[PDB]
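2 protein chains.
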Amino acid sequence: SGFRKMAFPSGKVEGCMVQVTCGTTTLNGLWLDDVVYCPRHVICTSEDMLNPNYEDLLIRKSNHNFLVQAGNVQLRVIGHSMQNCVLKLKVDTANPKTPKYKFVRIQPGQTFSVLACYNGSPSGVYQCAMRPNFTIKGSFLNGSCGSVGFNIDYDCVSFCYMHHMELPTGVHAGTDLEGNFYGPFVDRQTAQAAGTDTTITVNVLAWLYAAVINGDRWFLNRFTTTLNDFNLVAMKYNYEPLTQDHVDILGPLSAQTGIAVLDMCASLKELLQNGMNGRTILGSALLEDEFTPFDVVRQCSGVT
Amino acid sequence: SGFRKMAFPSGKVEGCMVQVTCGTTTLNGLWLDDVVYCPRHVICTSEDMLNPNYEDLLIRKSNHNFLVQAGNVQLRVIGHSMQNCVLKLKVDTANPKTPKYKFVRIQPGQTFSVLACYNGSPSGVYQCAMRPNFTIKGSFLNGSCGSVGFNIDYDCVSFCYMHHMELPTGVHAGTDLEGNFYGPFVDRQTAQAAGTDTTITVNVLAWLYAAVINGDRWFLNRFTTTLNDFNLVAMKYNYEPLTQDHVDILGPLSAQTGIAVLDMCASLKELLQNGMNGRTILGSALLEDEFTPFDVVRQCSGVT
Ligand SMILES: COc1cc(Cl)cc(CC(=O)Nc2cnccc2C)c1
Ligand SMILES: COc1cc(Cl)cc(CC(=O)Nc2cnccc2C)c1
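The listed protein sequences correspond, in order, to chains E and P.
Per our numbering: the first sequence = residues 33 to 336.
Per our numbering: the second sequence = residues 33 to 336.
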C-alpha cells in the first residue's frame, strides 16, 4: 500500500550524462553510441538569444570548439550537425554505458522521469507529465538545459524529452530527441505564452482508482453518469473531454476495483462540483492528474 | 524555477541491489563490499510470523540455505549472522559496484530517497520523510522488503533505511542498516499502532521559503509573531514545536529571501487558522512538510 509520485531508476540515464561547453556556454549532453545530443542554444551567447540565426552561428563553429567531457575525461569531436533545435556532436568513442534505447515523441497527458543535471552531473530525479499545453512543470535552474526526460521498459530507456528553456511564466519547454519542440515554443528569448492548460481527466480517474486500491474510498458515492453528462461538468472545470478510448484504457483499473468507469466519473463529478470539503485523497487536497492509468497499474503491481 | 519532490539519482544504489531467497521467502538485499544486508524475516514462513523466535529459526539455517543472486549470477555465501533485525550474509565476492558509503541512523523530520525493489530489481525511486512517529509513508508491496532509503553527498551514499513491514494502518516501518527499527515497531505479525504523527514545522517553513523563491507569495502578510505565540498555534494544529535551532537552520533561506523567520511563522499561523481559502502553494492545496531546509537550499541552488 501507499501511493507516491514515483520516478524510474535513473542509473541507465546517469551513465549517459556528459558536459557540453561551447565558448562560454556550458550545458548537459546525452551521450548514446558515438553521438552527444544537446540543445543547439549551446552555441549562443546571452547577446545572441533575442533572435539567433542558428545556421549562421553554427557556421562560425568547428568540431574543436565543442568541448565534451564525460565525468573527467575529454571526448574527441569528429563531427557536428544541427537537427532541428539539437546539436549532434559525433565523438570518436562509443559510450560504454549506452543502454538499450529509443527516441520517442510522447503524447500530451503522458508522464516521464526527469534526470535534472548541472555540468553533466545528475542532481535529482522526479516524475513529470507533458501538459496538454505541451509545457512541463519541472524543477530546473540555469545550466539544467540538456537534462532529459525518459521512460523505461525493463531494459530499454525511451528518451522522450530534452530540456531547453524556462518561459517568463516559470514553466518549462523543450524538445524530443530529434530536436522538435513540444508545443509552439521556439528557442529564442522572446515573449511566449503557453496555451490554456487543462486537467488530464483520464489521469485524475486513474488516480481515483489508485486511491480506492489504497484504502481511500470516502469519495465513492451512490451515483452514476454518462460520458456526455460527465463531459459537460469536465468542460466547465477545464478538464480534458473523456472519450471511449480513455474508458477502455481505464479497463484494467475498473476490473481490479470492480468499480465501473462511469461510476468513478460520477464520484469525480461530485468532487468537482463540491470540492474536497477539507478532506484529502492519497495525502493530497487537490485532484492529481500526473499519474497515467499505466503508472497506477505499474505502481500497484510492482513492475520492475 | 519550479519545485518538485525530488529524489537523489539512484544509480549508485541500483548497483547494490541483490535478491535474497531463504526457503520459500524472497526479498531484496543490499550488497556492499563482501556483505549482503537483508531483513531477518527472510528466514520466516507465513506460519512463523505470529511470534517468531529468530535465534531458534536462524539456527536451523546454514550458509547454503541463503540464495543470493545479483542480476543473474549466484553469490557464494561463506558466512551469516544476525545483527538486530537484519541478516548479514558474508559472500566470497566484493561488489565491484560498491559506492563510497556510510550507515546513518537519521533523525525524525529528515528526508531520504527510497529505491523500491522487487526480486533484487529496482522498480522506482521517490522522496520520503521519516515521520516524527518514526513511520514512513512510502509505496511498497509484497516483496519490497529489503528496499533501502538513502541520501547522497556528491560521491558518498549514506544508507539510512531498510524497509521491513507494512502495518495494518497502511504505514511503513523499517530499520537503519544495523537492524534497529525506527520507532517502537517489532518484526512480528501483531497489532502495532504508530504514535500521533505531527507536522514537521521546520520543513513546512522551509517549503514556504521555496514557494517565495519560486514566485508564490500570496500568503505573505503584514504580520509577525514570537516563537512562544507561534507554538501555541502549532500545538493546537499538532505541529512540532519550533525551537531556536530550527530558526537557525532556516537562516540560509531567510537570508536568500530577506524574510525573517518569525515573519514567515506569522504567514504560517494565518494559513493554519484560516486555511488556503481554495488557493494553492507550489501546486499543493495543503502544507507540505517533507522538504527539509537543506532540501530546499539544494534544489534551489542545483547541488550535483
Ligand atoms: C535568454 O533566453 C533563453 C532562451 C533559451 Cl532557448 C534558453 C535559455 C536558457 C534557459 O532558459 N535556462 C533555464 C532553463 N530552465 C530553468 C531556468 C533557466 C535559466 C535562455
Ligand atoms: C505477516 O507479518 C509480516 C511481518 C513482517 Cl516483519 C513483514 C511482513 C512482510 C511485509 O510486511 N511486506 C510488505 C511490506 N510493505 C508493504 C506491503 C507488504 C506486504 C509481514
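C-beta atoms are modelled at their ideal positions from N, C-alpha and C, and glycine is treated no differently.
| Asked | Found |
| --- | --- |
| From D185(P), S42(P), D208(P), residue whose alpha carbon lies closest to that of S145(P) | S42(P) |
| Within-8 Å CB hit, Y269(E) to chain P | no |
| Per-residue DSSP class, three states only, for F40(E) | coil |
| Ligand 1 heavy atom lying under 7 Å from the CB of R220(E) | yes |
| C-beta contact flag for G334(P) and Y158(E) at 8 Å | no |
| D88(P), enclosing alpha helix (DSSP H) - first and last residue | 86 to 91 |
| C-alpha distance - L318(E) paired with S33(P), whole-angstrom precision | 22 Å |
| Reduced DSSP secondary structure (H/G/I, E/B, other) of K268(P) | helix |
| C-beta atoms of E320(P) and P154(P) nearer than 8 Å | no |
| Chain C within 8 Å of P154(P), Cβ atoms only | The structure shown contains no chain C; its protein chains are E and P. |
| Per-residue DSSP class, three states only, for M49(P) | strand |
| Distance between beta carbons of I110(E) and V118(E), contact taken as under 8 Å | Their Cβ separation, rounded to whole angstroms, is 18 Å, which puts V118(E) and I110(E) out of contact at 8 Å. |
| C160(E) to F35(P) span [Cα, whole Å] | 11 Å |
| Limits of the unbroken beta strand (DSSP E) element including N183(E) | 180 to 185 |
| Cβ contact check for the segment 161 to 180 of chain P and the segment 188 to 198 of chain P: 3 or more pairs under 8 Å | yes |
| Within-8 Å CB hit, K132(E) to chain P | no |
| Where the beta strand (DSSP E) containing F144(E) begins and where it ends | 143 to 150 |
| Any C-beta of chain P under 8 Å from that of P140(E) | no |
| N97(E): first and last residue of the uninterrupted beta strand (DSSP E) it sits in | Careful: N97(E) lies outside any beta strand (DSSP E) and carries neither H nor E. |
| Neighbouring residues, chain E, relative to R36(P) (Cβ below 7 Å) | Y158, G170, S171 |
| Interface partners of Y193(P) on chain E, CB under 8 Å | Here the premise fails: no neighbours, minimum Cβ distance about 14 Å. |
| Proximity test, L304(E) beta-carbon vs ligand 1 heavy atom, cut-off 7 Å | no |
| Cβ-heavy atom distance, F166(P) to ligand 1, below 7 Å | no |
| Span separating the alpha-carbon of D248(E) from that of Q51(P) | 32 Å |
| Short CB-CB distance (under 8 Å) between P200(E) and chain P | no |
| Cβ of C149(E) within 8 Å of any chain P Cβ | yes |
| Three-pair Cβ contact test at 8 Å for the segment 217 to 227 of chain P versus the segment 126 to 143 of chain P | no |
| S33(E) Cβ short of 7 Å to ligand 2 heavy atom set | yes |
| Continuous beta strand (DSSP E) assignments of at least 3 residues falling wholly in the segment 175 to 226 of chain E | 180 to 185, 188 to 198, 204 to 207 |
| Partners in chain P for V335(E), counting only beta-carbon separations shorter than 7 Å | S155 |
| Within-8 Å CB hit, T143(P) to chain E | no |
| Ligand 2 heavy atom lying under 7 Å from the CB of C177(P) | yes |
| For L303(E), the three-state DSSP class (helix, strand or coil) | helix |
| Spatially closest choice to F172(E) from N246(P), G141(P), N116(P), by CA coordinates | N246(P) |
| Contact with chain P by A161(E), beta-carbon distance below 8 Å | no |
| Three or more C-beta pairs below 8 Å linking the segment 219 to 236 of chain E and the segment 65 to 84 of chain E | yes |
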